[PDB]
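Protein chains in written order, with the entry's author numbering: chain A, 1 to 304; chain A', 1 to 304. A prime marks a further copy of an entry chain.
Here the structure comes first, spelled out in structure tokens, and everything after it is commentary.
2 protein chains.
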Amino acid sequence: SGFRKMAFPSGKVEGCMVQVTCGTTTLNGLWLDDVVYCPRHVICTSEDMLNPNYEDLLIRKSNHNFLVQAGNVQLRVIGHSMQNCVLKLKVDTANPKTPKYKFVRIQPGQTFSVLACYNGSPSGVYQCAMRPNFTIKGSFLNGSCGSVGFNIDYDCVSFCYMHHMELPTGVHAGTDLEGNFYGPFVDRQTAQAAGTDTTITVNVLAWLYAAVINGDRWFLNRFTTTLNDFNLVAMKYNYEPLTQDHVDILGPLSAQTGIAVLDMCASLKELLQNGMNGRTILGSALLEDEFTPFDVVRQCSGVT
Amino acid sequence: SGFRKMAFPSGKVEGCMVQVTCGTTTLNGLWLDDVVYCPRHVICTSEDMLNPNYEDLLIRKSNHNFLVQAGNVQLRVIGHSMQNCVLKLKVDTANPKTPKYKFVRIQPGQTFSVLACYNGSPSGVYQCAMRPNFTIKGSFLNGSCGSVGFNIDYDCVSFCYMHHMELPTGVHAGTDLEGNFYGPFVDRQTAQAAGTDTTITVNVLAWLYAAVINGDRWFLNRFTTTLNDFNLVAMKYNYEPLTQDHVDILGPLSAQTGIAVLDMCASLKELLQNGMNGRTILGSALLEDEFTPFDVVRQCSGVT
Ligand SMILES: O=C(Nc1cnccc1CO)[C@@H]1CCOc2ccc(Cl)cc21
Ligand SMILES: O=C(Nc1cnccc1CO)[C@@H]1CCOc2ccc(Cl)cc21
């Protein structure tokens, strides 16, 4: 009973957080096995961020210039290399708390938990979606760089995001764990356009199924629609077009509730065209798109 | 930049979760030092829950009937005692992962994180408020009993909630760590009235300050109000009456933003009387009350 914006338990990730300092800049690093991963802008001063030449800035740094600390644990740096927008600092000690892990590049519309950190210390955990325009609407202040996003499947942490930057608009941008930015962003202090964003249609439908399962069903109607007709409405309301692949991933929710995906689409169509009429769905007065069909199945069945 | 419903990092709590089995019932326990805490209804069968005589049911149980497990760790039970609605199982081994901790009884309107667990395994973490009627709107399924709520102040986990029951209405009830229920609830399968609930006024105002800090300011107006006038509006809209103690705890937010508390009350008054006019505040289309003034200060300053 009930449905919440739930994050993964952050324990396995807290054990990997370290503080990385280079010169006057301090940010967060991720210590997995004998490597510490952090945003490459740790080598910059505030002045360098206008148009940094990272290759040149990194050449002025030696292993002993990277100070890596995890509480009373001072790590000895024996190698450094830049891979895309991340620095990889080889340390002489493997992290005894390294969980089973993978590095994954998530798709837009997928969700993950963020463990927000400052000075290598965890401050909080929250669940979010990678927006269709490759930004995330997180909660990050100065010092949060290097905080990571992840998913967990039983004992395996799949790291998908490392925080790098706040855009002038207050939204966030970062990379996968190989240092490749999600979206068109560059690690420079320059105004950068984020694409037009859309609402994640498949996630809104998944959340409507979660609402029906938990008792909120006032939005169910006597109508149906087609993928074509629904997509004309989705275009009008800046929603992602629904594909048969999205219908297919909603199959378990459709099967559990007995509500055909196109019938749920007709409810979403009427909610888009008429609004919520001052009513709520799972404690929200807007259409929620930060729950994937898999999140709903996991939460509704109590997967640990 | 940004503002999220953030939970505490759950690492310190994950290390305390165990599975407790007695007969055919299995639920979650909390292992701190050499004691395991769990809901006393672990000693009941589904049939017993109608009107259980816990004193009699517990008399039929011996230390060897409580199976306590944490993965490949099987704990040896050397004592058992009931304290209010919790069972305390003394084990022969202190939990090596016991964090610095306290047991606290939170006040209604305060917030905390819940680490939802099944079979002793963490499934997710979410932030919530203790409602003014002493219920929580969580996300709990069968097997989640024994999952706990907590707050963290630097290295100290203050445990405030242990999950026991879902009311016929889909809301949740539980106890403090001494087994005293929050609210009028009893651990019986009987329909139980939860009081009339109200919206937590001080938290809504704190969240309006968080919105101003993060750039959402369309709701600021040219008006002011008095505690008396505001409270007539709060009564009409089923909001908790605002006191000088609530005004006092909003002082840091008032000081940071330069918006007098009564001026923010006038914005809240106009939002209550006119609605949000199809607009959002921090990604919400309703007035959010699950952030205390302390949560806003902590999040807005990046406390770890
Ligand atoms: O964005 C930044 N950080 C930041 C991150 N999350 C939240 C708040 C802040 C503090 O501004 C820094 C400072 C600004 O300039 C740039 C430019 C490029 C890159 Cl990669 C990083 C940065
Ligand atoms: O409420 C319960 N559990 C539960 C908890 N959270 C979410 C879902 C469920 C499963 O119903 C059990 C089963 C029902 O009867 C009672 C009566 C009293 C008490 Cl203390 C516990 C219970």
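Here a beta-carbon is modelled for each residue, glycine too, at the ideal position from N, C-alpha and C.
Determine, using beta carbons only, whether residue i and residue j come nearer to each other than 9 Å.
{"i": "A/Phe3", "j": "A/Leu220", "result": "no"}
{"i": "A'/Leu30", "j": "A'/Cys16", "result": "yes"}
{"i": "A'/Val20", "j": "A'/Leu58", "result": "no"}
{"i": "A'/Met6", "j": "A/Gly124", "result": "yes"}
{"i": "A'/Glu166", "j": "A'/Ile200", "result": "no"}
{"i": "A'/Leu262", "j": "A'/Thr224", "result": "yes"}
{"i": "A/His163", "j": "A/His41", "result": "no"}
{"i": "A'/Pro9", "j": "A/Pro52", "result": "no"}
{"i": "A/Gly120", "j": "A/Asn238", "result": "no"}
{"i": "A/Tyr118", "j": "A'/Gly302", "result": "yes"}
{"i": "A'/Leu115", "j": "A'/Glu14", "result": "yes"}
{"i": "A/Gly275", "j": "A'/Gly275", "result": "no"}
{"i": "A/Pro99", "j": "A/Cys160", "result": "no"}
{"i": "A'/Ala94", "j": "A'/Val18", "result": "no"}
{"i": "A'/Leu242", "j": "A'/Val202", "result": "yes"}
{"i": "A/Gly146", "j": "A'/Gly11", "result": "no"}
{"i": "A/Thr280", "j": "A'/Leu50", "result": "no"}
{"i": "A/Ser284", "j": "A'/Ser284", "result": "yes"}
{"i": "A/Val77", "j": "A/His64", "result": "yes"}
{"i": "A'/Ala129", "j": "A'/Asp289", "result": "yes"}
{"i": "A/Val212", "j": "A/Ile259", "result": "yes"}
{"i": "A'/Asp187", "j": "A'/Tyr54", "result": "yes"}
Specify the secondary structure class of residue i as computed by DSSP and reduced to three states.
{"i": "A'/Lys236", "result": "helix"}
{"i": "A'/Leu262", "result": "helix"}
{"i": "A/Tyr209", "result": "helix"}
{"i": "A'/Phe294", "result": "helix"}
{"i": "A/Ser284", "result": "strand"}
{"i": "A/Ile136", "result": "strand"}
{"i": "A/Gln19", "result": "strand"}
{"i": "A/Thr224", "result": "coil"}
{"i": "A/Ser301", "result": "helix"}
{"i": "A/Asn231", "result": "helix"}
{"i": "A'/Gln127", "result": "strand"}
{"i": "A/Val104", "result": "coil"}
{"i": "A/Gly11", "result": "helix"}
{"i": "A'/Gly251", "result": "helix"}
{"i": "A/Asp155", "result": "coil"}
{"i": "A'/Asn28", "result": "strand"}
{"i": "A'/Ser144", "result": "coil"}
{"i": "A/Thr111", "result": "strand"}
{"i": "A/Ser267", "result": "helix"}
Any 3 or more C-beta pairs closer than 8 Å across the segment 137-147 of chain A' and the segment 32-48 of chain A: no
Could you tell me which whole alpha helix (DSSP H) segments of length 4 or greater appear in the segment 43-101 of chain A? 54-59
Taking 8 Å as the cut-off, does the segment 202-210 of chain A touch the segment 287-301 of chain A (at least 3 CB pairs, one atom from each stretch)? yes
Suppose only complete runs of 3+ residues qualify. What are the beta strand (DSSP E) ranges in the segment 170-207 of chain A, listed by chain order? 172-175
With a threshold of 8 Å, are at least 3 pairs of Cβ atoms found where one atom belongs to the segment 36-55 of chain A and the other to the segment 84-99 of chain A? Touching, per the Cβ criterion.
Under 8 Å, with one C-beta from each stretch per pair, do the segment 191-199 of chain A' and the segment 244-257 of chain A' reach the 3-pair mark? As far as the Cβ criterion goes, the segment 191-199 of chain A' does not touch the segment 244-257 of chain A', which means the pair count is below three.
Pick out every residue whose C-beta is nearer than 7 Å to a heavy atom of ligand 1: which are they, in chain order? A/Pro39, A/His41, A/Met49, A/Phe140, A/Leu141, A/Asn142, A/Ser144, A/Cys145, A/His163, A/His164, A/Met165, A/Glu166, A/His172, A/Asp187, A/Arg188, A/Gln189, A'/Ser1
Any chance the segment 72-86 of chain A sits against the segment 103-114 of chain A, with 3 or more Cβ pairs inside 8 Å? no
Does the segment 119-138 of chain A touch the segment 169-185 of chain A, meaning 3 or more C-beta pairs lie closer than 8 Å? yes
State whether the segment 170-178 of chain A' contacts the segment 68-82 of chain A', with contact taken as three or more CB pairs (one from each stretch) at a distance under 8 Å. With contact defined as three or more Cβ pairs closer than 8 Å, the segment 170-178 of chain A' and the segment 68-82 of chain A' are not in contact.
Evaluate contact between the segment 266-274 of chain A and the segment 222-237 of chain A, counting only Cβ atoms and requiring at least three cross-stretch pairs below 8 Å. Flag = yes, the segment 266-274 of chain A and the segment 222-237 of chain A touch.
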